[PDB]
Amino acid sequence: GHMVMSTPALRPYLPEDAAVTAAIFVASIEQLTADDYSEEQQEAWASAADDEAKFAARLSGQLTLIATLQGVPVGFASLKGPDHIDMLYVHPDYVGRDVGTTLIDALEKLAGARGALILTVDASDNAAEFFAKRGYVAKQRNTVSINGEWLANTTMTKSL
Ligand SMILES: CC(=O)SCCNC(=O)CCNC(=O)[C@H](O)C(C)(C)COP(=O)(O)OP(=O)(O)OC[C@H]1O[C@@H](n2cnc3c(N)ncnc32)[C@H](O)[C@@H]1OP(=O)(O)O
């Protein structure tokens, strides 16, 4: 037997959500990535929320959904263009609750409804297994340069 999770509510990202989104993003990175990323890597990755206008522009100019529980934002994800999973960040206090899964299902429905046949994500090493269990297949190991740091990830694709 297994526990049955509730599905969180999802709503589009609003300009007023700028700060809570940046807060979920940095807390998710700090607290959930230690086994695959060193102190300095995590700091460069998180530092993206530093440029507030540009962090908010990336969100507002993409298809960005916010997961809520009791109306409190606990996670968000972002589709870029037709077929890129650009962002997936669940607050560290709310992981293991099918928030990530709910968010990603919404992005795949949204992307299918836009023509896309092959969804793609550059998955962080800690989220690699998560994506693989949902039919994403590792295609290419990469390094990304972020704020003067190098961080590994893997391009993984899913047929819709
Ligand atoms: C492009 C990008 O943005 S990639 C970068 C991705 N982001 C990050 O790495 C930031 C740090 N990480 C995170 O924020 C999160 O760990 C995420 C986003 C990867 C996933 O968020 P979560 O809400 O924990 O995902 P969710 O709960 O749907 O599933 C995670 C696991 O918990 C499990 N789970 C869910 N509910 C339960 C439960 N009641 N009992 C046991 N296990 C459970 C799922 O089976 C799943 O297993 P898997 O890892 O084998 O797939």
# chains A, B, ... in the order shown; residues from 1 in each chain; ligands from 1

call {"tool": "residues_near_ligand", "arguments": {"ligand": "ligand 1", "cutoff": "7 Å", "atoms": "only C-alpha atoms and all ligand atoms", "output": "ChimeraX atom specification"}}
result
/A:3-5,28-29,32-33,85-92,94-102,121-124,126-127,129-131,133

call {"tool": "residues_around", "arguments": {"residues": "region 35-44 of chain A", "least_positions_apart": "6", "cutoff": "9 Å", "atoms": "only C-alpha atoms", "output": "list in words"}}
result
residues 26, 29, 124, 125, 126, 146, 147, 148, 149, 150, 151 and 152 of chain A

call {"tool": "write_last_selection", "arguments": {"atoms": "N, CA, C and O atoms", "output": "CSV table (one decimal), in the first residue's frame"}}
result
chain,number,residue,atom,x,y,z
A,26,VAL,N,15.4,30.3,-4.5
A,26,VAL,CA,16.6,30.3,-3.7
A,26,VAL,C,16.5,29.2,-2.6
A,26,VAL,O,17.6,28.6,-2.3
A,29,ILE,N,17.0,25.7,-4.1
A,29,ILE,CA,18.4,25.5,-4.4
A,29,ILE,C,19.3,25.3,-3.2
A,29,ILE,O,20.1,24.3,-3.1
A,124,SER,N,18.9,19.5,-13.7
A,124,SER,CA,20.0,19.5,-12.6
A,124,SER,C,20.2,18.0,-12.1
A,124,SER,O,19.2,17.2,-12.2
A,125,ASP,N,21.3,17.7,-11.6
A,125,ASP,CA,21.7,16.4,-11.2
A,125,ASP,C,20.8,15.8,-10.2
A,125,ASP,O,20.6,14.6,-10.2
A,126,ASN,N,20.3,16.6,-9.3
A,126,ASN,CA,19.4,16.2,-8.2
A,126,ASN,C,18.0,15.9,-8.7
A,126,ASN,O,17.2,15.1,-8.0
A,146,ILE,N,27.2,29.9,-15.1
A,146,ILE,CA,26.2,30.8,-14.4
A,146,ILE,C,27.0,31.6,-13.4
A,146,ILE,O,27.7,31.0,-12.5
A,147,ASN,N,27.0,32.9,-13.6
A,147,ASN,CA,27.6,33.8,-12.6
A,147,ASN,C,29.1,33.4,-12.3
A,147,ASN,O,29.5,33.4,-11.1
A,148,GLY,N,29.8,33.0,-13.3
A,148,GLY,CA,31.2,32.6,-13.2
A,148,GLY,C,31.5,31.2,-12.6
A,148,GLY,O,32.6,30.9,-12.3
A,149,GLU,N,30.4,30.4,-12.4
A,149,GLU,CA,30.6,29.1,-12.0
A,149,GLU,C,30.2,28.1,-13.1
A,149,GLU,O,29.4,28.5,-13.9
A,150,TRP,N,30.8,26.9,-13.1
A,150,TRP,CA,30.3,25.8,-14.0
A,150,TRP,C,29.5,24.8,-13.2
A,150,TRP,O,29.9,24.4,-12.1
A,151,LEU,N,28.4,24.4,-13.8
A,151,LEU,CA,27.4,23.5,-13.1
A,151,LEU,C,27.0,22.5,-14.2
A,151,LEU,O,26.7,22.8,-15.3
A,152,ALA,N,27.1,21.2,-13.8
A,152,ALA,CA,26.6,20.1,-14.7
A,152,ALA,C,25.1,20.0,-14.8
A,152,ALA,O,24.4,20.4,-13.8

call {"tool": "closest_residue", "arguments": {"among": "A:154, A:60, A:31, A:70", "to": "residue 137 (chain A)", "atoms": "only C-alpha atoms"}}
result
A:154

call {"tool": "select_by_dssp", "arguments": {"residues": "chain A", "states": "helix (DSSP H, G or I)", "output": "number ranges by chain"}}
result
A: 15-32, 39-49, 52-60, 92-94, 99-112, 128-132

call {"tool": "closest_residue", "arguments": {"among": "A:132, A:46, A:34, A:106", "to": "residue 77 (chain A)", "atoms": "only C-alpha atoms"}}
result
A:106

call {"tool": "residues_around", "arguments": {"residues": "residue 120 (chain A)", "least_positions_apart": "3", "cutoff": "6 Å", "atoms": "only C-alpha atoms", "output": "ChimeraX atom specification"}}
result
/A:83-84,156-157

call {"tool": "write_last_selection", "arguments": {"atoms": "N, CA, C and O atoms", "output": "short mmCIF file (atom, residue, chain, number, x, y, z; two decimals), in the first residue's frame"}}
result
data_model
loop_
_atom_site.label_atom_id
_atom_site.label_comp_id
_atom_site.auth_asym_id
_atom_site.auth_seq_id
_atom_site.Cartn_x
_atom_site.Cartn_y
_atom_site.Cartn_z
N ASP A 83 8.46 23.89 -26.29
CA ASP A 83 8.84 22.59 -25.74
C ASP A 83 9.95 22.55 -24.68
O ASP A 83 10.48 21.48 -24.40
N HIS A 84 10.30 23.69 -24.09
CA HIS A 84 11.31 23.70 -23.03
C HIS A 84 10.76 23.84 -21.62
O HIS A 84 10.12 24.84 -21.30
N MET A 156 17.39 16.10 -21.30
CA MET A 156 16.55 14.91 -21.25
C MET A 156 15.28 15.26 -22.00
O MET A 156 14.74 16.36 -21.83
N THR A 157 14.81 14.35 -22.84
CA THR A 157 13.65 14.62 -23.69
C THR A 157 12.53 13.61 -23.46
O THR A 157 12.79 12.46 -23.12
#

call {"tool": "atom_distance", "arguments": {"atom1": "CA of residue 140 (chain A)", "atom2": "CA of residue 155 (chain A)"}}
result
5.0 Å

call {"tool": "closest_residue", "arguments": {"among": "A:135, A:61, A:75, A:12", "to": "residue 110 (chain A)", "atoms": "only C-alpha atoms"}}
result
A:12

call {"tool": "residues_around", "arguments": {"residues": "residue 22 (chain A)", "least_positions_apart": "5", "cutoff": "10 Å", "atoms": "only C-alpha atoms", "output": "list in words"}}
result
residues 17, 27, 28, 46, 47, 48, 49, 50, 52, 55, 56 and 89 of chain A

call {"tool": "atom_distance", "arguments": {"atom1": "CA of residue 105 (chain A)", "atom2": "CA of residue 62 (chain A)"}}
result
16.5 Å

call {"tool": "residues_around", "arguments": {"residues": "residue 67 (chain A)", "least_positions_apart": "3", "cutoff": "6 Å", "atoms": "only C-alpha atoms", "output": "PyMOL selection string"}}
result
chain A and resi 8-10+73-76

call {"tool": "write_last_selection", "arguments": {"atoms": "C-alpha atoms", "output": "mmCIF file, in the first residue's frame"}}
result
data_model
loop_
_atom_site.group_PDB
_atom_site.id
_atom_site.type_symbol
_atom_site.label_atom_id
_atom_site.label_comp_id
_atom_site.auth_asym_id
_atom_site.auth_seq_id
_atom_site.Cartn_x
_atom_site.Cartn_y
_atom_site.Cartn_z
ATOM 1 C CA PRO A 8 -2.151 21.138 -5.445
ATOM 2 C CA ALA A 9 -4.025 24.010 -7.088
ATOM 3 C CA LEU A 10 -2.143 25.645 -9.958
ATOM 4 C CA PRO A 73 2.645 29.200 -2.985
ATOM 5 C CA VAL A 74 4.804 26.098 -2.479
ATOM 6 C CA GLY A 75 6.287 25.576 -5.975
ATOM 7 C CA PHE A 76 6.457 26.864 -9.545
#

call {"tool": "select_by_dssp", "arguments": {"residues": "chain A", "states": "strand (DSSP E)", "output": "PDB file with C-alpha atoms, in the first residue's frame"}}
result
ATOM      1  CA  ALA A   9      -4.025  24.010  -7.088  1.00  0.00           C
ATOM      2  CA  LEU A  10      -2.143  25.645  -9.958  1.00  0.00           C
ATOM      3  CA  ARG A  11      -2.517  29.220 -11.177  1.00  0.00           C
ATOM      4  CA  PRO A  12      -0.606  31.417 -13.647  1.00  0.00           C
ATOM      5  CA  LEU A  63       4.290  30.173 -19.300  1.00  0.00           C
ATOM      6  CA  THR A  64       4.750  30.070 -15.530  1.00  0.00           C
ATOM      7  CA  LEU A  65       2.473  28.252 -13.107  1.00  0.00           C
ATOM      8  CA  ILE A  66       2.442  28.487  -9.323  1.00  0.00           C
ATOM      9  CA  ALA A  67       1.474  25.520  -7.128  1.00  0.00           C
ATOM     10  CA  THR A  68      -0.484  26.405  -3.985  1.00  0.00           C
ATOM     11  CA  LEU A  69      -1.454  24.532  -0.800  1.00  0.00           C
ATOM     12  CA  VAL A  72       0.170  29.472  -0.068  1.00  0.00           C
ATOM     13  CA  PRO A  73       2.645  29.200  -2.985  1.00  0.00           C
ATOM     14  CA  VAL A  74       4.804  26.098  -2.479  1.00  0.00           C
ATOM     15  CA  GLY A  75       6.287  25.576  -5.975  1.00  0.00           C
ATOM     16  CA  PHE A  76       6.457  26.864  -9.545  1.00  0.00           C
ATOM     17  CA  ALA A  77       7.417  25.755 -13.051  1.00  0.00           C
ATOM     18  CA  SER A  78       8.015  27.499 -16.350  1.00  0.00           C
ATOM     19  CA  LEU A  79       7.634  26.514 -19.952  1.00  0.00           C
ATOM     20  CA  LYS A  80       9.817  28.386 -22.454  1.00  0.00           C
ATOM     21  CA  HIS A  84      11.312  23.697 -23.030  1.00  0.00           C
ATOM     22  CA  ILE A  85      10.838  23.005 -19.351  1.00  0.00           C
ATOM     23  CA  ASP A  86      12.791  26.053 -18.252  1.00  0.00           C
ATOM     24  CA  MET A  87      12.170  25.941 -14.485  1.00  0.00           C
ATOM     25  CA  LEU A  88      10.872  23.587 -11.790  1.00  0.00           C
ATOM     26  CA  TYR A  89      11.292  24.598  -8.131  1.00  0.00           C
ATOM     27  CA  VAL A  90       9.368  23.242  -5.148  1.00  0.00           C
ATOM     28  CA  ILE A 118       9.150  16.375 -27.839  1.00  0.00           C
ATOM     29  CA  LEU A 119       9.365  18.168 -24.476  1.00  0.00           C
ATOM     30  CA  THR A 120      12.894  18.976 -23.341  1.00  0.00           C
ATOM     31  CA  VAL A 121      14.578  19.911 -20.036  1.00  0.00           C
ATOM     32  CA  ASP A 122      18.172  20.597 -18.974  1.00  0.00           C
ATOM     33  CA  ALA A 123      17.798  18.753 -15.671  1.00  0.00           C
ATOM     34  CA  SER A 124      19.954  19.461 -12.629  1.00  0.00           C
ATOM     35  CA  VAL A 137      15.417  10.184 -21.396  1.00  0.00           C
ATOM     36  CA  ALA A 138      18.964  11.500 -20.929  1.00  0.00           C
ATOM     37  CA  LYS A 139      20.405  12.691 -24.217  1.00  0.00           C
ATOM     38  CA  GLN A 140      23.350  14.971 -23.431  1.00  0.00           C
ATOM     39  CA  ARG A 141      25.436  15.834 -20.378  1.00  0.00           C
ATOM     40  CA  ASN A 142      26.238  19.579 -20.352  1.00  0.00           C
ATOM     41  CA  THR A 143      27.990  22.218 -18.329  1.00  0.00           C
ATOM     42  CA  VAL A 144      26.346  25.604 -17.943  1.00  0.00           C
ATOM     43  CA  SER A 145      28.224  28.770 -16.987  1.00  0.00           C
ATOM     44  CA  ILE A 146      26.222  30.751 -14.405  1.00  0.00           C
ATOM     45  CA  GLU A 149      30.587  29.059 -12.000  1.00  0.00           C
ATOM     46  CA  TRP A 150      30.322  25.839 -13.975  1.00  0.00           C
ATOM     47  CA  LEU A 151      27.425  23.485 -13.142  1.00  0.00           C
ATOM     48  CA  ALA A 152      26.638  20.129 -14.739  1.00  0.00           C
ATOM     49  CA  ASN A 153      23.211  19.136 -16.030  1.00  0.00           C
ATOM     50  CA  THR A 154      21.651  16.728 -18.499  1.00  0.00           C
ATOM     51  CA  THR A 155      19.420  17.393 -21.483  1.00  0.00           C
ATOM     52  CA  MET A 156      16.548  14.913 -21.250  1.00  0.00           C
ATOM     53  CA  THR A 157      13.646  14.616 -23.691  1.00  0.00           C
ATOM     54  CA  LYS A 158      10.123  13.190 -23.552  1.00  0.00           C
ATOM     55  CA  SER A 159       7.871  12.226 -26.489  1.00  0.00           C
TER      56      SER A 159
END

call {"tool": "closest_residue", "arguments": {"among": "A:128, A:18, A:136, A:23", "to": "residue 54 (chain A)", "atoms": "only C-alpha atoms"}}
result
A:18

call {"tool": "atom_distance", "arguments": {"atom1": "CA of residue 104 (chain A)", "atom2": "CA of residue 14 (chain A)"}}
result
18.8 Å
